[PDB]
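Report on one structure; see the data block that follows.
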Amino acid sequence: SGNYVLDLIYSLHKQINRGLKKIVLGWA
């Protein structure tokens, strides 16, 4: 408890955002 279970889910959110950025915005 105490701001928990939310930050762990966002840890993956950044991996998807940065994962689909250098390869997605790098081949246009």
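Each chain in the structure tokens gets a letter, A, B, ..., in the order shown, and its residues are numbered from 1; ligands are numbered from 1 in order too.
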
Point to revise | Those in chain A with alpha helix (DSSP H) from DSSP, as a list in words | key: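 Written out, the alpha helix (DSSP H) residues of chain A are residues 7, 8, 9, 10, 11, 12, 13, 14, 15, 16, 17, 18, 19, 20, 21 and 22 of chain A.
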
Practice item. Tell me, in Å to one decimal, how far atom CA of residue A:5 is from atom CA of residue A:17. Key: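 Here the two named atoms are 19.2 Å from each other.
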
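Interatomic distance, atom CA of residue A:23 to atom CA of residue A:8: 24.3 Å.
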
Point to revise | Å distance separating atom CA of residue A:13 from atom CA of residue A:28, one decimal place | key: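 It comes out at 23.1 Å.
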